[PDB]
Amino acid sequence: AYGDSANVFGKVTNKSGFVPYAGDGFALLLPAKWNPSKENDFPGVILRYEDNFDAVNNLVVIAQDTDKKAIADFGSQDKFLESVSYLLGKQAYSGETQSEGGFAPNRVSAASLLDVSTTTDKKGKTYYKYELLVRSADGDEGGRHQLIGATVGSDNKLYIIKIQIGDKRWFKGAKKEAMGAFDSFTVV
Amino acid sequence: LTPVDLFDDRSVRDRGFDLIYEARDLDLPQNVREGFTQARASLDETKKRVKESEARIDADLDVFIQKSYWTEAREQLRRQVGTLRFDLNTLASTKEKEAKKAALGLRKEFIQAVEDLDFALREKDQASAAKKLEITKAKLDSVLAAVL
Amino acid sequence: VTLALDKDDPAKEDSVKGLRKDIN
Amino acid sequence: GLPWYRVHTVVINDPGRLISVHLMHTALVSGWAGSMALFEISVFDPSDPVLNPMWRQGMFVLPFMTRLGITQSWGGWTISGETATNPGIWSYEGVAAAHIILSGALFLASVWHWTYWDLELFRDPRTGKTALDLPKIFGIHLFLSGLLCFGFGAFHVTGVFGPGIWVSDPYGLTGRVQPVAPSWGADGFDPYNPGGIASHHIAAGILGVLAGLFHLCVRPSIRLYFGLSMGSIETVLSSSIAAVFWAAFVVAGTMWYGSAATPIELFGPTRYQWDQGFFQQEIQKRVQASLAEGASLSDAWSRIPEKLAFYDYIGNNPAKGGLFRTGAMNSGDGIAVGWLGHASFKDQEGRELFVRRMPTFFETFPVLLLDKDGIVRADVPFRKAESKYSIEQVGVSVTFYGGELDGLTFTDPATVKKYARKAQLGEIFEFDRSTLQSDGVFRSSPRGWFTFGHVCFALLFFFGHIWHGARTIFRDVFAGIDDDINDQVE
Amino acid sequence: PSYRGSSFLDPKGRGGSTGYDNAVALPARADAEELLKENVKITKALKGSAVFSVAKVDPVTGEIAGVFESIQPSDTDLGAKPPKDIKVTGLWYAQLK
Amino acid sequence: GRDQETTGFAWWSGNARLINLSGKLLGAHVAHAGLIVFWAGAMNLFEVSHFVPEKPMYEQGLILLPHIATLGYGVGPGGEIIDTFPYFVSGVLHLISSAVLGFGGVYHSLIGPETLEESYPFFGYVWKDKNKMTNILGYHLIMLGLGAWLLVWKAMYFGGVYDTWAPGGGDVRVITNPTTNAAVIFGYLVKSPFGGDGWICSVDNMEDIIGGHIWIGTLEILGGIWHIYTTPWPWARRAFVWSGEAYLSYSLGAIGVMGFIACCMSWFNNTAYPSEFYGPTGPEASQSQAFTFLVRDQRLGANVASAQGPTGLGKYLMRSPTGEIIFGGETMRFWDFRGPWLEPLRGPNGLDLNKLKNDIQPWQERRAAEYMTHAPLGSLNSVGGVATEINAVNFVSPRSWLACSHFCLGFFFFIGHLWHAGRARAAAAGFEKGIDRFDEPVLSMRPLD
Ligand code: CLA
Ligand code: CLA
Ligand code: CLA
Ligand code: CLA
Ligand code: CLA
Ligand code: CLA
Ligand code: CLA
Ligand SMILES: CC1=C(/C=C/C(C)=C/C=C/C(C)=C/C=C/C=C(C)/C=C/C=C(C)/C=C/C2=C(C)CCCC2(C)C)C(C)(C)CCC1
Ligand SMILES: [Cl-]
């Protein structure tokens with residue numbers, strides 16, 4: 001029981017709302033109110049934090065070993081997302097339906113790509129950053145916002161970040177936590 | 001078991017999508033959130049909508065009056081016209097101080113013509129609303145010959 | 001492949017095998 | 001006159017009618033014991049003692065006869081699963097008749113003591129009024145109590161003259177009535193030792209005789225005569241009601257927690273055996289005993305007894321029941337017919353999967369399939385619109401080992417979800433919902449029903465201790481307080 | 001179309017797209033002979049036929065009206081009851097511009 | 001001061017000592033009227049000092065500034081606040097007048113005469129004098145009548161008031177044509193209070209509000225002159241209790257209804273309580289959500305008319321139980337909502353989806369998205385969501401404070417009615433101290449009642 005004084009009348013140590021993280025080969029600023037989840041959704045998960053309030057709001061990094069050195073070697077950004085389309089999940093309902101509203105027939109979920117970019121960092125490597133809104137037939141959370149970013153590191157390993165935020169929480173302030181984590185993602 | 005499907009919607013944010021997301025984050029000022037800063041900062045976007053507002057008045061409002069469509073003429077005067085009061089202050093706040101009183105004086109009587117046209121459209125008086133509209137278009141051209 | 005300890009951990013986790021000697 | 005709740009206090013003044021009114025209660029209790037044992041024998045199904053035993057069938061007082069040696073019947077059948085060549089007189093039906101014959105004998109004795117209430121024994125000498133010498137009366141009955149206690153312990157339990165008690169293995173497989181030896185070390189206070197039961201009733205029987213000889217001879221103190229109100233027949237009632245809820249918390253406590261006096265072959269497993277993985281660990285201890293010596297999977301899972309896999313099942317947990325889910329445990333999920341195998345789950349990456357079992361709290365519980373290291377890999381999702389752990393995509397197949405489905409594999413995503421939802425309930429079994437027209441939702445064992453009565457009785461008898469202790473200390477002010485009682489303030 | 005959507009949930013909480021897919025409150029007979037109303041919630045769309053008859057023309061305004069007659073299926077309760085045929089008659093109206 | 005045994009009232013009911021003390025009772029009211037003006041001065045300047053212009057008026061916890069904004073002092077088009085100095089003058093003129101009211105309230109409570117009956121016969125009153133009570137009742141109706149003409153003069157002549165239904169967006173509008181039609185003005189009063197009527201909480205334009213205050217101004221000037229020159233008729237002698245606690249209880253039941261009315265007025269109405277200043281109503285924020293996701297999903301390629309919900313009613317547009325095309329969802333209950341951002345999209349046959357697929361204006365989706373994140377749900381410590389929400393924002397709507405405070409105040413003053421009307425009817429009858437014990441009236445009744 002080491003005796004350190006209580007912080008009476010003292011200055012705070014963290015009002016940023018972000019915690020700096022350093023895994024293996026990457027570094028990012030996690031949302032400070034999020035906590036580690038013991039879930040492996042995908043093959044290649046290193047860390048996966050989720051929100052304390054609801055488990056829909058979460059992020060995950062994925063480190064796949066690859067044979068290619070640049071992210072342009074995976075093709076263009078449109079041809080890249082169709083390869084890594086497993087990030088958005090799979091429709092486990094192979095039932096036939098035409099009564100869900102705002103969807104194609106037999107589709108109970110429809111991802112919609114809203115933004116792409118080709119931003120880089122001070123090392124020179126370009127990233128493929130994505131912004132989706134995945135709606136469902138029940139329409140939980142008012143939809144789900146996806147923030148996918150991917151790059152290949154200096155060890156031929158594909159690092160993919162995916163920040164998922166429910167749309168209900170998105171306009172209520174989880175855009176600041178997600179975009180601040182999404183811009184902070186740098187693979188060294 | 002099938003994967004989810006994508007859709008090319010990367011141009012909806014270019015048109016109109018990220019507009020209700022700007023009106024819901026409580027870090028922006030409300031003049032940024034209500035669309036008030038963006039109207040004051042870009043003069044041509046007000047100059048676009050004011051010429052659009054007279055296109056809804058000089059051509060689109062008389063048609064509902066001879067066919068006596070009142071609730072489509074009450075709200076013709078409020079839907080896209082519903083920014084014209086805020087717009088005619090921004091276009092009049094770019095002038096000289098003796099030109100602004102000439103601008104805001106003409107702008108004040110065009111308000112008194114629309115609010116008299118609204119009351120004419122409220123008691124369904126077609127002989128008055130067709131007469132109050134010609135007064136309204138004359139006071140409209142007097143403001144728009146002053147602020148632009 | 002699997003020990004009897006880490007077969008009763010993912011199935012019950014309240015197991016008397018899994019709870020005692022769990023300082024490791 | 002009297003109220004309705006005060007009618008039985010006509011007996012508080014005369015001891016002859018107190019004999020007659022305890023005799024009528026004793027005739028009704030043993031009259032229930034024989035009548036309930038006749039009802040349970042008339043509905044008991046002794047066909048399968050391995051997979052439809054007595055606690056599975058709603059038998060409540062039949063595990064109490066079988067606990068103290070009565071294993072045979074006048075229908076040929078036994079409990080261990082063989083034919084009785086000589087049932088003797090102490091069958092189940094002989095004891096069910098011995099309580100009814102005693103019920104009528106105690107009935108006639110109560111009619112005698114009701115008419116011949118005015119016995120000279122009840123009037124003390126040289127005052128002539130009805131009086132009872134409650135310190136010596138206690139010394140008589142404590143002497144008889146320790147004499148029966150020592151008799152039950154040295155002769156009945158120890159098998160010197162009587163038959164013995166039920167003793168089984170730790171895992172409820174090999175259980176008989178055999179004599180025990182008393183254990184006089186520290187081991188006799190382990191309540192899962194049956195030798196401590198015999199060593200109890202010898203030591204507590206001898207001390208109860210020696211204490212009985214004390215209270216026969218040594219009259220009480222005068223200061224302790226008034227302070228405990230010894231001259232009233234109700235200060236013995238309050239202290240006896242205090243004795244019998246203390247006992248009923250201990251009795252229902254050891255029934256619920258399990259003891260050597262509550263075997264699981266008679267009363268069923270406990271809820272702490274499902275929670276702590278008691279049978280699951282042993283089932284895995286015997287598979288790994290066979291895979292290490294060199295054997296196949298399907299040849300190792302066949303070596304597990306079908307009775308051991310039935311203890312590892314949530315429907316035989318006594319805390320998976322309901323207060324008004326009435327009847328046998330077979331009325332809930334059906335009569336168990338055969339063990340249907342051991343469901344082993346593998347996905348398309350060749351990795352084993354383990355269903356997270358339903359905890360005892362959960363009425364419903366989502367099915368999860370975890371890996372070796374404890375990470376969820378597959379589930380039956382609630383939302384199937386964009387899933388990432390569905391059985392369909394992960395590719396979960398299920399293979400059985402042993403049982404009725406031995407060496408059979410199911411890869412159909414509808415079939416696998418059916419057996420994944422049965423594997424959270426424990427080992428997989430085949431029932432019949434047509435023999436008893438079963439509801440579909442579980443019941444509690446007699447281990448749970450006995451505990452429910454004997455804590456509700458032990459709690460209502462706390463209030464009766466409070467009421468009758470108050471009526472002795474405040475006997476003088478029962479009908480009201482005095483008129484000049486205003487001296488108790490300043 | 002199906003009268004309820006695929007994400008409709010019955011009183012026991014199961015449905016087509018969302019839901020349990022079994023009777024969870026009956027854990028011993030969770031999946032059984034009752035797979036008609038728990039295992040598949042059928043959301044297949046049926047077809048109906050309608051007969052329109054133009055009765056009046058106002059060509060100076062481009063307005064036409066008439067009488068319609070349709071026959072369509074009712075509802076299948078997500079595939080739990082046979083749908084019944086319903087004959088709907090009445091009027092209609094449009095504007096040709 | 002005064003004690004118990006000279007009055008029969010303890011310390012906890014000691015304002016009942018000055019029932020028959022006319023001058024002390026006058027200083028009791030004038031000092032209390034100082035407090036209402038003092039609070040209105042102090043809480044105004046508290047809200048001017050804590051006003052931040054780069055935040056909405058309803059987000060800042062302001063309940064008095066929206067009342068001065070509704071009069072149109074210092075507001076621009078669209079509810080934009082031009083200057084805050086008109087709100088500052090209203091705070092000081094109450095804070096200075098409170099010292100004047102505080103002085104004469106302290107004066108008549110300490111130095112002024114105890115009963116002003118024999119020295120000042122114009123102000124003196126006995127509670128049983130039915131002429132003098134109607135005389136004082138007539139004086140104050142003329143004050144309420146001339147107070148109601150202040151709102152009419154300020155709307156017709158002195159700059160106008162804020163009209164949220166104005167063409168071109170809401171701003172300050174001189175109400176040149178107030179509605180003096182008795183069939184329209186007295187049609188609100190006999191309207192049912194239920195859904196689609198809302199008694200007088202549905203008054204939908206400012207011309208009925210200002211024209212209705214012409215009626216309430218003239219009738220109170222005329223009804224004041226009526227009570228100065230009349231006494232209550234013999235049927236009114238027959239029905240009322242004529243004590244001072246009775247006259248209090250009459251006022252307590254009248255004002256406890258008025259607390260319930262202003263509870264439902266501020267919760268439902270958005271004309272006299274404009275949403276630019278008070279925030280969206282309960283119905284307004286729930287209708288704003290369905291409008292927000294209807295515009296969100298038209299742009300994401302979906303026919304919101306043909307879109308079927310999971311129940312089969314229609315996810316975005318359904319039909320009202322009287323046949324109007326309304327918004328779908330659980331907000332079918334608020335289909336009779338009208339709003340100045342929503343009514344431009346609404347034709348005769350409910351909402352017009354031709355007008356709603358092509359002519360959604362960018363200012364309407366600005367404003368309706370603001371109203372969705374400022375729904376009048378919060379918490380007691382001002383969190384600002386549903387009860388299942390984390391501490392992110394700091395918001396409870398003023399409508400949520402105005403309705404909840406005035407239901408509680410309206411409920412207790414109905415209890416104060418039941419207290420004092422029971423007591424004054426019993427104290428005039430003589431048995432408010434208890435049963436006489438000599439002639440107990442139950443003992444002179446026939447048993448087996
Ligand atoms: C001597 C005659 C006799 C015999 C041999 C039996 C034998 C039997 N009875 Mg029956 N019975 C009898 C008389 C008899 N009974 C009478 C007179 C009654 C009416 C009161 C009953 C009522 C009865 C019922 C209601 C039941 C039985 C049952 C049973 C069976 C198991 C007994 C058991 O587990 O009890 C366990 C006994 C105890 C745990 C004893 C509790 C005594 C406590 C621990 C002592 C506390 C007080 C003590 C004085 C403390 C001081 C100790 C020391 C200091 C001296 C067994 C076949 C059961 C059965 O299966 O029948 C169908 C059953 O349910 N009996
Ligand atoms: C401590 C006493 C005790 C205990 C633990 C048991 C335990 C058991 N008995 Mg036995 N039984 C007993 C005394 C006891 N019995 C007595 C005294 C009788 C004679 C009436 C019987 C007669 C009897 C029969 C005939 C049967 C059982 C059965 C059962 C089993 C199922 C339990 C059940 O359904 O509970 C039901 C529990 C409840 C309904 C909860 C009771 C809560 C309170 C008491 C309700 C009262 C509230 C209210 C005032 C009642 C008014 C409602 C009105 C509509 C009736 C279980 C092993 C059954 C079995 O499986 O046999 C094979 C069976 O068929 N018992
Ligand atoms: C060994 C247990 C025992 C014994 C011998 C007594 C004996 C007595 N009690 Mg006490 N009592 C007890 C336990 C006991 N009580 C408990 C556990 C409680 C808590 C509930 C009470 C609470 C209590 C009160 C509050 C009062 C008594 C009174 C009395 C006296 C009259 C009883 C009477 O006329 O009932 C008459 C009863 C009836 C006519 C019908 C009762 C029917 C109920 C619903 C039970 C149904 C019977 C059921 C079939 C049997 C199952 C019982 C179960 C334990 C097996 C008598 C001296 C009274 C007293 O002291 O008088 C001065 C009195 O006022 N008792
Ligand atoms: C709005 C609240 C209010 C008001 C206006 C009054 C007013 C009055 N009460 Mg009541 N009273 C109240 C609340 C109130 N009371 C409450 C809450 C209780 C319960 C605790 C009581 C209990 C009570 C009792 C028991 C009695 C009264 C009595 C009186 C009267 C005589 C006062 C007196 O002699 O005090 C003298 C006290 C002082 C001089 C102390 C100093 C207080 C001064 C007035 C404070 C002024 C401060 C202010 C800032 C000055 C500004 C000046 C201006 C120039 C700016 C007076 C009219 C008495 C009565 O009935 O008379 C017949 C009486 O016996 N009151
Ligand atoms: C009745 C009208 C009314 C209304 C609608 C409001 C509404 C509001 N006020 Mg205003 N206020 C009022 C009266 C009112 N107040 C009064 C009378 C005062 C003078 C004290 C103030 C002084 C005031 C200040 C100084 C401030 C506000 C603020 C606020 C805002 C938040 C309030 C809050 O968090 O409360 C929290 C909820 C409560 C305190 C619950 C109140 C319950 C009371 C205490 C009764 C409890 C029952 C209890 C048992 C009885 C006690 C007596 C008993 C012990 C004998 C909100 C807009 C704040 C704001 O937003 O400023 C911009 C702010 O700073 N108000
Ligand atoms: C602060 C306001 C106020 C107060 C307290 C009084 C008090 C009084 N007035 Mg005066 N009066 C007032 C304002 C007021 N008046 C105004 C403003 C006018 C002008 C319109 C009048 C005109 C007036 C006349 C002409 C008369 C009175 C009379 C009376 C006396 C008896 C009233 C009565 O029992 O009504 C009881 C009311 C009823 C029996 C009517 C039935 C009420 C039910 C609820 C139906 C109401 C329907 C109505 C259209 C309202 C619908 C909406 C409602 C549900 C909210 C009493 C002294 C009488 C008297 O003796 O004076 C000399 C009398 O003859 N008053
Ligand atoms: C304008 C309204 C009004 C007026 C003028 C009066 C006037 C009077 N009342 Mg009445 N009364 C009213 C409203 C009113 N009352 C209401 C609304 C209620 C219901 C709650 C009552 C209940 C009531 C009772 C029960 C009694 C009186 C009594 C009295 C007399 C003396 C009161 C006194 O000295 O208080 C002294 C003041 C106090 C002791 C302090 C009380 C403070 C309480 C705890 C509230 C604290 C304020 C707190 C912030 C509010 C929280 C609630 C909020 C959430 C809404 C006097 C004739 C008494 C009397 O003699 O009858 C004739 C009496 O016994 N009144
Ligand atoms: C005469 C005689 C005889 C006969 C006898 C008999 C026949 C008997 C019977 C008896 C009986 C037959 C008895 C019975 C009893 C029963 C009882 C006693 C019961 C009771 C019940 C109860 C007590 C219940 C309770 C309860 C309730 C109410 C409900 C639930 C819960 C409880 C449990 C609490 C002979 C011939 C042999 C010979 C000799 C003589
Ligand atoms: Cl909804």
# chains A, B, ... in the order shown; residues from 1 in each chain; ligands from 1
call {"tool": "residues_near_ligand", "arguments": {"ligand": "ligand 6", "cutoff": "9 Å", "atoms": "only C-alpha atoms and all ligand atoms", "output": "JSON, numbers by chain"}}
result
{"F": [130, 133, 134, 137, 138, 140, 141, 144, 145, 186, 188, 189, 190, 191, 199, 216, 217, 218, 219, 220, 221, 222, 223, 224, 225, 226, 227, 229, 230, 231, 232, 233, 234, 235, 236, 237, 239, 240, 247, 250, 251, 254]}
call {"tool": "write_last_selection", "arguments": {"atoms": "C-alpha atoms", "output": "PDB file, in the first residue's frame"}}
result
ATOM      1  CA  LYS F 130     -70.661  41.239  -0.590  1.00  0.00           C
ATOM      2  CA  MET F 133     -65.808  42.194  -2.253  1.00  0.00           C
ATOM      3  CA  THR F 134     -67.277  42.599  -5.727  1.00  0.00           C
ATOM      4  CA  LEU F 137     -63.096  42.166  -7.704  1.00  0.00           C
ATOM      5  CA  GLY F 138     -64.183  44.789 -10.211  1.00  0.00           C
ATOM      6  CA  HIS F 140     -58.753  44.056 -10.500  1.00  0.00           C
ATOM      7  CA  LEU F 141     -60.652  42.852 -13.562  1.00  0.00           C
ATOM      8  CA  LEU F 144     -56.483  42.446 -15.850  1.00  0.00           C
ATOM      9  CA  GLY F 145     -58.511  43.879 -18.707  1.00  0.00           C
ATOM     10  CA  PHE F 186     -65.612  31.240 -28.420  1.00  0.00           C
ATOM     11  CA  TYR F 188     -61.934  27.269 -28.806  1.00  0.00           C
ATOM     12  CA  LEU F 189     -63.659  27.398 -25.429  1.00  0.00           C
ATOM     13  CA  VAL F 190     -66.408  24.915 -26.280  1.00  0.00           C
ATOM     14  CA  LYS F 191     -64.019  22.680 -28.235  1.00  0.00           C
ATOM     15  CA  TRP F 199     -59.454  22.791 -26.128  1.00  0.00           C
ATOM     16  CA  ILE F 216     -60.723  38.941 -22.766  1.00  0.00           C
ATOM     17  CA  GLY F 217     -59.761  42.596 -22.423  1.00  0.00           C
ATOM     18  CA  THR F 218     -63.197  44.035 -23.138  1.00  0.00           C
ATOM     19  CA  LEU F 219     -65.105  41.453 -21.093  1.00  0.00           C
ATOM     20  CA  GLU F 220     -62.940  42.118 -18.039  1.00  0.00           C
ATOM     21  CA  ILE F 221     -63.316  45.872 -18.350  1.00  0.00           C
ATOM     22  CA  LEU F 222     -67.058  45.322 -18.768  1.00  0.00           C
ATOM     23  CA  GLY F 223     -67.125  42.614 -16.118  1.00  0.00           C
ATOM     24  CA  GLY F 224     -65.203  44.836 -13.756  1.00  0.00           C
ATOM     25  CA  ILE F 225     -67.709  47.666 -14.231  1.00  0.00           C
ATOM     26  CA  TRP F 226     -70.428  45.037 -13.732  1.00  0.00           C
ATOM     27  CA  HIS F 227     -69.133  44.054 -10.305  1.00  0.00           C
ATOM     28  CA  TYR F 229     -72.087  48.603  -9.775  1.00  0.00           C
ATOM     29  CA  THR F 230     -73.732  45.352  -8.646  1.00  0.00           C
ATOM     30  CA  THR F 231     -73.881  43.054  -5.637  1.00  0.00           C
ATOM     31  CA  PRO F 232     -74.225  39.266  -5.980  1.00  0.00           C
ATOM     32  CA  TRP F 233     -77.756  38.157  -6.681  1.00  0.00           C
ATOM     33  CA  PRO F 234     -79.751  36.101  -4.130  1.00  0.00           C
ATOM     34  CA  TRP F 235     -79.020  32.860  -5.980  1.00  0.00           C
ATOM     35  CA  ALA F 236     -75.327  33.640  -5.486  1.00  0.00           C
ATOM     36  CA  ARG F 237     -75.907  34.333  -1.787  1.00  0.00           C
ATOM     37  CA  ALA F 239     -74.513  29.052  -3.341  1.00  0.00           C
ATOM     38  CA  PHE F 240     -71.325  30.563  -1.925  1.00  0.00           C
ATOM     39  CA  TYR F 247     -62.630  33.572  -1.413  1.00  0.00           C
ATOM     40  CA  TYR F 250     -62.400  29.970  -4.955  1.00  0.00           C
ATOM     41  CA  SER F 251     -59.166  31.454  -6.290  1.00  0.00           C
ATOM     42  CA  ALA F 254     -59.490  28.583 -10.441  1.00  0.00           C
TER      43      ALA F 254
END
call {"tool": "residues_around", "arguments": {"residues": "residue 14 of chain C", "least_positions_apart": "3", "cutoff": "8 Å", "atoms": "only C-alpha atoms", "output": "JSON list (two decimals) with N, CA, C and O atoms, in the first residue's frame"}}
result
[["chain", "number", "residue", "atom", "x", "y", "z"],
["C", 9, "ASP", "N", -13.72, -24.87, -18.90],
["C", 9, "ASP", "CA", -13.75, -23.41, -18.93],
["C", 9, "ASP", "C", -14.68, -22.85, -20.01],
["C", 9, "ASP", "O", -15.53, -22.00, -19.66],
["C", 18, "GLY", "N", -11.97, -25.30, -12.73],
["C", 18, "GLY", "CA", -11.53, -24.01, -13.22],
["C", 18, "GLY", "C", -11.35, -22.95, -12.15],
["C", 18, "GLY", "O", -10.60, -21.99, -12.37],
["C", 19, "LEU", "N", -12.01, -23.09, -11.01],
["C", 19, "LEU", "CA", -11.95, -22.05, -9.98],
["C", 19, "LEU", "C", -10.78, -22.24, -9.02],
["C", 19, "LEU", "O", -10.10, -21.26, -8.69],
["D", 275, "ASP", "N", -23.56, -26.42, -11.26],
["D", 275, "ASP", "CA", -22.84, -25.15, -11.30],
["D", 275, "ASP", "C", -21.34, -25.37, -11.30],
["D", 275, "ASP", "O", -20.62, -24.78, -12.11],
["D", 276, "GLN", "N", -20.85, -26.23, -10.42],
["D", 276, "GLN", "CA", -19.42, -26.43, -10.27],
["D", 276, "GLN", "C", -18.87, -27.48, -11.22],
["D", 276, "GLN", "O", -17.70, -27.84, -11.08],
["D", 277, "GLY", "N", -19.67, -27.96, -12.17],
["D", 277, "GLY", "CA", -19.21, -28.92, -13.16],
["D", 277, "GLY", "C", -18.77, -30.24, -12.58],
["D", 277, "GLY", "O", -17.70, -30.74, -12.93]]
call {"tool": "residues_around", "arguments": {"residues": "residue 389 of chain F", "least_positions_apart": "2", "cutoff": "10 Å", "atoms": "only C-alpha atoms", "output": "list in words"}}
result
residues 53 and 169 of chain A; 378, 379, 383, 384, 385, 386, 387, 391, 392 and 393 of chain F
call {"tool": "select_by_dssp", "arguments": {"residues": "segment 47-260 of chain F", "states": "alpha helix (DSSP H)", "output": "MDAnalysis selection string"}}
result
chainID F and resid 47:49 65:70 85:110 130:156 182:189 206:228 234:239 244:260
call {"tool": "residues_near_ligand", "arguments": {"ligand": "ligand 3", "cutoff": "12 Å", "atoms": "only C-alpha atoms and all ligand atoms", "output": "ChimeraX atom specification"}}
result
/D:2-13,18,21-22,25-26,28-29,32,232-245,248,453-472,474-475,477-479
call {"tool": "residues_near_ligand", "arguments": {"ligand": "ligand 8", "cutoff": "10 Å", "atoms": "only C-alpha atoms and all ligand atoms", "output": "PyMOL selection string"}}
result
chain D and resi 24-36+97-108+453+456-457
call {"tool": "interface_residues", "arguments": {"of": "chain D", "to": "chain A", "cutoff": "9 Å", "atoms": "only C-alpha atoms", "output": "list in words"}}
result
residues 375, 376, 377, 381, 383, 384, 385, 386, 387, 388, 389, 390, 391, 392 and 393 of chain D
call {"tool": "residues_around", "arguments": {"residues": "segment 65-69 of chain A", "least_positions_apart": "3", "cutoff": "6 Å", "atoms": "only C-alpha atoms", "output": "list in words"}}
result
residues 156, 157 and 158 of chain A
call {"tool": "residues_near_ligand", "arguments": {"ligand": "ligand 9", "cutoff": "7 Å", "atoms": "only C-alpha atoms and all ligand atoms", "output": "MDAnalysis selection string"}}
result
chainID F and resid 290 328:331
call {"tool": "residues_near_ligand", "arguments": {"ligand": "ligand 7", "cutoff": "7 Å", "atoms": "only C-alpha atoms and all ligand atoms", "output": "PyMOL selection string"}}
result
chain F and resi 9+12-16+19+245+248+252+405+408-409+412-416+419-420
call {"tool": "interface_residues", "arguments": {"of": "chain F", "to": "chain A", "cutoff": "8 Å", "atoms": "only C-alpha atoms", "output": "list in words"}}
result
residues 297, 300, 301, 302, 303, 304, 306, 307, 308, 309, 310, 312, 315, 373, 390 and 392 of chain F
call {"tool": "write_last_selection", "arguments": {"atoms": "C-alpha atoms", "output": "PDB file, in the first residue's frame"}}
result
ATOM      1  CA  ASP F 297     -33.353   7.485 -47.048  1.00  0.00           C
ATOM      2  CA  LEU F 300     -29.969   6.734 -50.245  1.00  0.00           C
ATOM      3  CA  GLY F 301     -32.257   5.530 -53.041  1.00  0.00           C
ATOM      4  CA  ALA F 302     -35.532   4.336 -51.539  1.00  0.00           C
ATOM      5  CA  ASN F 303     -39.177   4.985 -52.388  1.00  0.00           C
ATOM      6  CA  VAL F 304     -40.453   6.146 -48.996  1.00  0.00           C
ATOM      7  CA  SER F 306     -43.765   2.201 -51.262  1.00  0.00           C
ATOM      8  CA  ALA F 307     -41.480   1.289 -48.343  1.00  0.00           C
ATOM      9  CA  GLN F 308     -43.293  -1.268 -46.196  1.00  0.00           C
ATOM     10  CA  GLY F 309     -42.465  -1.522 -42.518  1.00  0.00           C
ATOM     11  CA  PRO F 310     -41.958  -4.718 -40.545  1.00  0.00           C
ATOM     12  CA  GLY F 312     -46.937  -3.880 -42.878  1.00  0.00           C
ATOM     13  CA  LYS F 315     -42.187   2.640 -42.548  1.00  0.00           C
ATOM     14  CA  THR F 373     -31.636  15.967 -31.035  1.00  0.00           C
ATOM     15  CA  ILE F 390     -24.872   8.197 -21.156  1.00  0.00           C
ATOM     16  CA  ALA F 392     -22.900  13.308 -23.058  1.00  0.00           C
TER      17      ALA F 392
END
call {"tool": "residues_around", "arguments": {"residues": "residue 7 of chain C", "least_positions_apart": "3", "cutoff": "10 Å", "atoms": "only C-alpha atoms", "output": "ChimeraX atom specification"}}
result
/C:2-4,10-13,18 /D:280-281,284,353-355,370-374
call {"tool": "residues_near_ligand", "arguments": {"ligand": "ligand 2", "cutoff": "7 Å", "atoms": "only C-alpha atoms and all ligand atoms", "output": "count of residues only"}}
result
20
